[PDB]
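This report refers to the structure that appears directly beneath it.
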Amino acid sequence: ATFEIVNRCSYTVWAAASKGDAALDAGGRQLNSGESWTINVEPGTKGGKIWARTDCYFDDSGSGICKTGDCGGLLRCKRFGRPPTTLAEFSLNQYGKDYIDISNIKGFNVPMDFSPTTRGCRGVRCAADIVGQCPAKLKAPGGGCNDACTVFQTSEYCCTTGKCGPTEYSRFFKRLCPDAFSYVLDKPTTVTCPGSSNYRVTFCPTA
């Protein structure tokens, strides 16, 4: 599956792509404003994620730090990023279909659109100014809007027991971005696409 990752932000982002225990393609790359990075994701990839990282510094060996979405200080991500991170999530070729969604379960850092570039399904978008509107208690000093689980570490926010409901914090993300998961047990906003579709993830799709 091909994913074109486009940075429409006025600022540089460091794109990251991982399945949690491994990089997807090169795993990460710098994307200046307007740059596009095309990656190949292995068919059948289950639980893949693409995100942007902001205010990064990397040395000549690709080791450094990011203010948001840092994946153990690597330019080429092998693991998931440190919240807050808006997430493009996908599972490909799952019983003949692809499943995509955007999630705010790990908070929000950059607005995103995640759409197929092939026929048969619609895209999803979370392009609202979540950082600007972020409740005081969820604001991340390093930038972004944390999810409540990251901030408070409670069974209710983290849905530890599988018996959690929406909260004042999850309702904030849902109000701004109805098309993204706002908590683990949120009514699924997952889109079913034909198996082997191709996609584009666009950071800052509106601005």
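Quick note: numbers below take in every heavy atom, side chains included, and nothing from hydrogens, waters or symmetry partners. Residues: numbered from 1 along the sequence shown.
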Does a side-chain heavy-atom distance below 4.5 Å link [X] with [Y]?
{"X": "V110", "Y": "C204", "value": "yes"}
{"X": "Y199", "Y": "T117", "value": "no"}
{"X": "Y99", "Y": "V191", "value": "no"}
{"X": "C121", "Y": "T192", "value": "no"}
{"X": "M112", "Y": "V201", "value": "yes"}
{"X": "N104", "Y": "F181", "value": "no"}
{"X": "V13", "Y": "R53", "value": "no"}
{"X": "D186", "Y": "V184", "value": "no"}

Inter- and intrachain pairs under salt bridge (charged side-chain N to carboxylate O under 4.0 Å, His left out), touching [range], at least two apart:
{"range": "residues 104-129", "value": "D113-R125, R122-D179"}
{"range": "residues 75-102", "value": "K49-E89"}
{"range": "residues 4-13", "value": "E4-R200"}

Which residues pass the side chain to side chain donor-acceptor pair (under 3.5 Å) test with [X], not counting sequence neighbours?
{"X": "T38", "value": "none"}
{"X": "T86", "value": "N109"}
{"X": "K19", "value": "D21"}

Open item on the list: Run the side-chain contact (heavy atoms from CB on, under 4.5 Å) test against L185 and tell me which residues pass, sequence neighbours left out.
Closed with: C159, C164, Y183
Task: Residues which pass side-chain contact (heavy atoms from CB on, under 4.5 Å) with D59, listed by chain and number, not counting sequence neighbours - done: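 Per chain and number, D59 pairs via side-chain contact (heavy atoms from CB on, under 4.5 Å) with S61, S63.
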Open item on the list: Tell me if the CD atom of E42 is crowded by more than 12 foreign heavy atoms within 6.0 Å.
Closed with: no
TODO: Take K174 and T189 through the test side-chain contact (heavy atoms from CB on, under 4.5 Å) and record every step on the way to the result.
DONE: CA-CA 11 Å; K174 201 60 167 192; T189 45; 3.6 Å; yes
TODO: State whether a side-chain donor-acceptor pair under 3.5 Å links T118 with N198.
DONE: no
Open item on the list: With no hydrogens and no angle check, just 3.5 Å: does a side-chain donor-acceptor pair link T68 and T54?
Closed with: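 A pair is found: one side chain offers a donor N or O, the other an acceptor, under 3.5 Å apart.
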Which pair of heavy atoms, one from [X] and one from [Y], lies closest together, and at what distance?
{"X": "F58", "Y": "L74", "result": "CE2-C, 3.5 Å"}
{"X": "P111", "Y": "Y11", "result": "CD-OH, 4.3 Å"}
{"X": "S197", "Y": "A1", "result": "O-CB, 3.7 Å"}
{"X": "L24", "Y": "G48", "result": "CD1-CA, 4.1 Å"}

If hydrophobic clusters are built from ILVMFWY residues whose side chains come within less than 4.5 Å, do [X] and [Y] share one?
{"X": "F203", "Y": "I39", "result": "yes"}
{"X": "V124", "Y": "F173", "result": "no"}
{"X": "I102", "Y": "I130", "result": "no"}

Would you find a donor on one side and an acceptor on the other, under 3.5 Å apart, between the side chain of [X] and the backbone of [Y]?
{"X": "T167", "Y": "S170", "value": "yes"}
{"X": "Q94", "Y": "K46", "value": "no"}
{"X": "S91", "Y": "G47", "value": "yes"}
{"X": "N93", "Y": "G44", "value": "yes"}

Open item on the list: Please report the interatomic distance SG(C56) to CH2(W14), rounded to the nearest 0.5 Å.
Closed with: 5.0 Å
Open item on the list: What's the separation between atom CZ in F108 and atom SG in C177, rounded to the nearest 0.5 Å?
Closed with: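 Reported to 0.5 Å precision, the distance equals 5.5 Å.
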TODO: Output every pair passing disulfide bond (SG atoms under 2.5 Å apart) with a member in residues 71-101, not counting sequence neighbours, ordered by first then second residue.
DONE: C71-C77
Task: Residue pair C66, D55: steps toward the side-chain contact (heavy atoms from CB on, under 4.5 Å) verdict - done: CA-CA 6 Å; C66 293; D55 294 308; over 6 Å; no
Task: Whether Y157 and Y169 hold their rings parallel, tilted or perpendicular, with breakpoints at 30° and 60° - done: perpendicular
- [ ] Determine the interplanar angle of the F114 and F90 rings, folded into 0 to 90°, and report it as parallel if under 30°, tilted if 30 to 60°, perpendicular if over 60°.
- [x] perpendicular
For residues 26-33, run the donor-acceptor check on the side chains, cut-off 3.5 Å, and write out each pair with its distance to 0.1 Å, sequence neighbours left out.
from : atom 1 : to  : atom 2 : distance (Å)
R29  : NH2    : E35 : OE1    : 3.3
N32  : ND2    : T12 : OG1    : 3.0
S33  : OG     : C9  : O      : 2.7

Output a table of donor-acceptor pairs, distance under 3.5 Å, between side-chain atoms of residues 132-149 and any protein atom two or more places apart or on a different chain; print 'none' if there are none.
from : atom 1 : to   : atom 2 : distance (Å)
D147 : OD1    : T150 : OG1    : 2.5
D147 : OD2    : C149 : N      : 3.2
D147 : OD2    : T150 : N      : 2.9
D147 : OD2    : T150 : OG1    : 3.1

Task: Hydrophobic cluster of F80, others only, ordered by chain and residue number, side-chain cut-off 4.5 Å - done: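 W51, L87, listed by chain and number.
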